[PDB]
């Protein structure tokens, strides 16, 4: 049918350690991945923390540049890796993927996960 994102409802990571927030899908013929975004919930509009598009990976905030990476090697795996976890990294995160079909249409799917940080 259409691509199905798989994102666990919650993940727990170690304080000062590293965690992977899984976000994966099985690739489907005729669906080309054109955008990945990861967002975090803070105030009154989701914060964009990562984008991958035709020009590469974009991590605009100094607080994340150097401690945020997104999986790339296996098609369909766009999991977020966050290193040196802070207690205020506890939040809800959105994984959002956009695909383009041969007719030129684009379809967007997203899922939210909760990261808990454990001492």
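Numbering follows the first chain given and starts at 1.
Chemist: Return whichever of 66-74 and 37-45 has the greater mean Cα B factor according to the PDB record.
Modeler: The deposited B-factors put 37-45 ahead on the C-alpha mean.
Chemist: Would you mind finding, among 24, 20, 105, 98, the residue with the largest C-alpha temperature factor in the entry?
Modeler: Of the candidates given, the C-alpha B-factor peaks at 105.
Chemist: Quick one: classify residue 117 as lowest, middle or highest third of the chain based on its Cα B-factor.
Modeler: It belongs to the middle third of the chain when residues are ordered by C-alpha B-factor.
Chemist: Using the B-factor values recorded in the entry, state whether the Cα atom of residue 88 falls in the lowest, middle or highest third among the modelled residues of its chain.
Modeler: It falls in the top third of the chain.
Chemist: Comparing residue 94 with the other modelled residues of its chain, is its CA B-factor in the lowest, middle or highest third?
Modeler: Lowest third.
Chemist: Divide the modelled residues of the chain into thirds by Cα B-factor and specify which third, lowest, middle or highest, holds residue 79.
Modeler: Answer is lowest: the recorded C-alpha B-factor places it there.
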